[PDB]
Every structure is written in structure tokens, then in C-alpha cells.
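One chain is shown next in C-alpha cells, namely the form solved without its partner chain.
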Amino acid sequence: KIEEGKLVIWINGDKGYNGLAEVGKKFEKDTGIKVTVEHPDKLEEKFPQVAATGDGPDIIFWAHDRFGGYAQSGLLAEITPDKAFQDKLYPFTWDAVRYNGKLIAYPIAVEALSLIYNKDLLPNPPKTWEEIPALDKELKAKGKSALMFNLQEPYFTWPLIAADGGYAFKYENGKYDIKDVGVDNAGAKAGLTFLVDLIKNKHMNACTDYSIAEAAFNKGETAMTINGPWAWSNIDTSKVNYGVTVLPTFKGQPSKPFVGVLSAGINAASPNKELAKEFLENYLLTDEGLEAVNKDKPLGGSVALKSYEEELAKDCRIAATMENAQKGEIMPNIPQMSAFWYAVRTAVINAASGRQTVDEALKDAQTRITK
């Protein structure tokens, strides 16, 4: 806990917390209410843990997909924007934070993975996954790799997994069927096999994680990596001429990255929910508030506020980003998403390392998720 009259906010490390802080200062300079910004590891896991006991931030930040389970655990306060306000933000982003019809978070920006490449190494990047092995053989013959991305977080290989068919939960009767899962279908099985084949054929290291991959690329070592706008910041700091473009197709099918929407939720244990309502609505969610943050680290192609969106809807990167988002699908926000992720994370890791075959991996995942 804390005490009404104050206000803490939590948000992930790859996000521009400093800019978020810069938004807090303006708030603390207008009403005295101090604004602290924290960013602890394994946030998606930590929040519910500490928020279970009744502790944590007044405002939590994270991709909408986790808000469903959080609201199922009575950890979130519903929010009540006026029909007019709802016009200030796109409806589909409101949908993203809508659980059981109710609204339990504020959408900020749409996120989606994109293909990022070294232009001095690839003036013309591969339009297909299938041409990466060769592409890596030419590059290897020069002490360089063709691609590297976080193989330890399922969110990153998922684009390839869904491309030819894989999916999380099927939507039906205006609702996600928690029993119909496409984690073990032909499509999913082929995407992952291509991943595992890349590794076994030594064009990728099953070991590669986030820190590792961000380095290989920023340091000119790898020709391509897969990531979201938030990562653009560090790549800007290095001397690397990069392009942000559409993900490579798999079997001619576009890659379908799972789309997220950065969201701000107000803890259920809210002694000052009304302070959060005015903060997020009249500060962070204004052209000035969003700008304050974006300059720190890119929020992504599209932001919830229509007014601010019109201003940056024209930028190769944003472009690439909004293109990968359409070829993809918005993540569900139901409680079972956590089970889904845990399962896919293990299946991918297991498959990549070889502890299980692709078939054993995905089947087991399919079993554990619908279990």
C-alpha cells in the first residue's frame, strides 16, 4: 500500500519509463502528488503475486493479454470513460482491454513485431523464411549470421508458428473457445519445424535470448533480428543503418505476429482510482503525454489516441509495424492466455534444445493448455 494523495506506476523495462516519469513530473508539478515509476523483472508474474497480498502500483502497465486473468482475480478496477472520450481512442483498442463487456484498463499503443535488418548487409532483405538458410551460408562465409531473435520468449517465434495455420484460441459465437486451441495443428507444427531445422542446421542458436540477440545485431554481427519498436532506441544508439520491414513469409503465407496493446490498469486496491482516472485521461493520454513518452522509446506504429496518431502515421518503421499488425491478429485477453504462453514457451524451448521433438512439444502444449 501507500496512501491516497500519492501515485506509483509500474511498466516493463523495454518501455520508456523515463519518458513516463517525465509525464509524472508535470503531474507532481500540478497537484503535488508525487509520481514514481518502477520496472521490476518478470513484471507480468510479479504484479499478480504482490497484488495478491494487496500490494503493488496504483497503475500497472503491460500488453492487454494479461489483463484478463488479472481482472478474473479481482485485481483491477473497472474504468468509466464517457462515450465522447471513447471517441478519442480507436474502438478496436478499447476492445483489447474489454473483459466481459467491461473495461478494466486504458489502451495506449498497438505493438507488433517487424523484420529489422542491416542495410549495409542486406539492401534487400529476404521476403521468405525459406531463403534464410542459404542467405546464412553466404553470410557465414564472412563471419556474420543471417538472423537472430529471442528464442526464449514464445512471443517471438509465434509469428512463424501462426503463419501457415497455428493459432491460440478459436473465436466463435462472439467469444474465445478455451477448448479449441491451434497449438498442435499442421500449421503450428510446420512453423516450429522450420525453426528447429534452422537450429539443427546451424543457422540459429537455440541458446539465443533477448540480451544476446539485441547485441549480435546492434554490433553488426547478425544481418537480421525480430523485435518491436521499443527496441529501436538502442539500435539508434549504435552505428547501424537498419530498415524495419514486413516479416518474411512462410510457405507464401505472411507471418502472423500476435498483436498487443500497451495498457494501463488501475489496481483493484484503489484508494485513489479517481486520481488515476484524471492522470491517464488528461495527461498521459493527450498529444503531449504520449509525445513525452514516445520520444523516450517508440510506442509503436499505432497509438490509441486518434489525434496523436494522425501525426506519426507516416514513417517507414511505423509503416512496417502497422503492416505486420494487420497480417497478424490481436491477442485474446482471456485468463487462459497465461497457460497458453507458459505451454508455448516450454514447447519452443524444448523443441529448439531437442529435449522433445516438435511433435511431442506441441502435442504436450496442446494437452496442457486445454487440460
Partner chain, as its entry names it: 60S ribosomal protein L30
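Residue numbers count along the first chain shown, from 1.
If you look for the form deposited with its partner chain bound, you will not find it shown, but the lines that follow are about it.
Trainee: Its partner chain isn't shown here, but in the bound PDB entry, which of 137-145, 264-272, 176-184, 213-221 has heavy atoms within 4.5 Å of it?
Mentor: Result of the contact check: 264-272.
Trainee: Please check if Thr53 has a heavy atom lying within 4.5 Å of any heavy atom of its partner chain in the bound PDB entry.
Mentor: The answer is yes: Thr53 has a heavy atom within 4.5 Å of its partner chain.
Trainee: Is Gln72 close enough to touch its partner chain in the bound PDB entry, meaning at least one heavy atom pair within 4.5 Å?
Mentor: Contact check for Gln72: yes, within 4.5 Å of its partner chain in the bound PDB entry.
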